[PDB]
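The structure under discussion appears below in the form of structure tokens.
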Amino acid sequence: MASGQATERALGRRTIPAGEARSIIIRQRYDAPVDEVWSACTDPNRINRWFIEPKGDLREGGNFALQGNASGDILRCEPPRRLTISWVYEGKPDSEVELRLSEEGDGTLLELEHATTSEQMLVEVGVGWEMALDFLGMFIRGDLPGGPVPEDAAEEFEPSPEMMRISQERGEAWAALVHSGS
Numbered sequence: 001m002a003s004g005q006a007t008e009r010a011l012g013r014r015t016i017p018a019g020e021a022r023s024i025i026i027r028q029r030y031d032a033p034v035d036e037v038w039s040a041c042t043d044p045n046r047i048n049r050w051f052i053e054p055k056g057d058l059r060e061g062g063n064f065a066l067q068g069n070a071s072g073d074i075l076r077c078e079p080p081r082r083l084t085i086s087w088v089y090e091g092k093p094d095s096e097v098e099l100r101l102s103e104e105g106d107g108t109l110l111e112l113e114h115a116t117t118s119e120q121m122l123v124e125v126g127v128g129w130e131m132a133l134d135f136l137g138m139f140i141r142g143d144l145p146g147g148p149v150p151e152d153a154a155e156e157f158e159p160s161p162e163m164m165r166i167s168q169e170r171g172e173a174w175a176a177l178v179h180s181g182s
């Protein structure tokens with residue numbers, strides 16, 4: 001896309017096994033078809049190219065395990081509408097995440113939702129998800145022969161001028177947003 005990467009940051013409600021959790025929503029416009037984005041979303045060989053190589057059943061009624069991140073199960077998977085997974089991140093509570101696509105003219109509305117009970121986690125995941133949407137932005141339409149940095153930006157607080165401010169700025173939005181989400 002030779003255009004403004006149209007991100008719409010949002011908040012809402014979504015039930016999880018723990019209870020009615022709070023949810024961050026990233027709706028980013030990409031100037032490619034659902035078909036293109038849905039291949040990236042569901043196929044493991046496409047998922048590792050912006051995110052993490054998922055090991056498990058990868059099917060609804062079964063489990064998955066992202067290596068060096070989180071485990072969980074697959075609740076739903078519905079082509080080309082939405083796939084839905086529950087996300088157990090270590091230390092943090094369980095979550096209900098989905099990646100969802102709606103077609104839209106000369107583009108596709110990508111809709112990513114993460115519902116956790118931890119407002120702490122909602123700020124951090126909005127950072128780590130838009131990081132995945134950075135590499136996915138490139139992987140859809142921009143250029144991505146192989147991301148040299150998978151997650152070598154700045155986790156928590158790693159002394160690095162560019163990466164510290166960029167991770168803060170992401171979470172500064174999501175912080176204000178989730179406090180408003182209530």
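PDB author numbering puts the first residue of the sequence shown at 1, with every later residue one more than the last.
All C-beta atoms in this analysis are idealised placements derived from N, C-alpha and C, irrespective of residue type, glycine included.
- Around the C-beta of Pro-159, fewer than 16 other C-beta atoms lie within 10 Å, and the residue is accordingly described as exposed.
- Residue state for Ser-102 is assigned as strand, using DSSP reduced to three classes.
- Contact check for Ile-25 against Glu-113 passes: the beta carbons are separated by less than 8 Å.
- One alpha carbon belongs to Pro-17, the other to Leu-66, and they sit about 20 Å apart.
- When the beta-carbon positions are compared, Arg-141 and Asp-31 come within less than 8 Å of each other.
- Its Cα nearest to that of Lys-55, the residue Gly-72 stands out among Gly-72, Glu-103, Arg-49.
- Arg-76 is bridged by DSSP to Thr-84.
- Shown here for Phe-64: same chain residues with a beta carbon closer than 8 Å to its own, the five before and five after excluded, namely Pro-54, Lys-55, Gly-56, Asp-57, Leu-58, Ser-71, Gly-72, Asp-73, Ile-74, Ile-85 in chain order.
- In terms of CA proximity to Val-127, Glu-156 leads the group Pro-148, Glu-156, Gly-147, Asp-143.
- CA-to-CA, the gap between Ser-3 and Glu-20 works out to about 37 Å.
- According to DSSP, residue pairing for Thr-15 in a beta bridge involves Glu-20.
- Looking only at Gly-107, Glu-90, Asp-106, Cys-41, the smallest Cα-Cα distance to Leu-133 is reached by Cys-41.
- With respect to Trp-38, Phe-135 sits apart: the two C-beta atoms are not nearer than 8 Å.
- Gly-137 is classed as buried because its beta carbon has at least 16 other beta carbons within 10 Å across all chains shown.
- Rounded to the nearest angstrom, the gap between the Cα atoms of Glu-8 and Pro-93 is 26 Å.
- Taken through DSSP and simplified to helix, strand or coil, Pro-145 comes out as coil.
- In this chain, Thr-117 is not harboured by any alpha helix (DSSP H), its DSSP state being neither H nor E.
- Straight across, the Cα-Cα distance linking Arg-27 with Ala-153 is about 23 Å.
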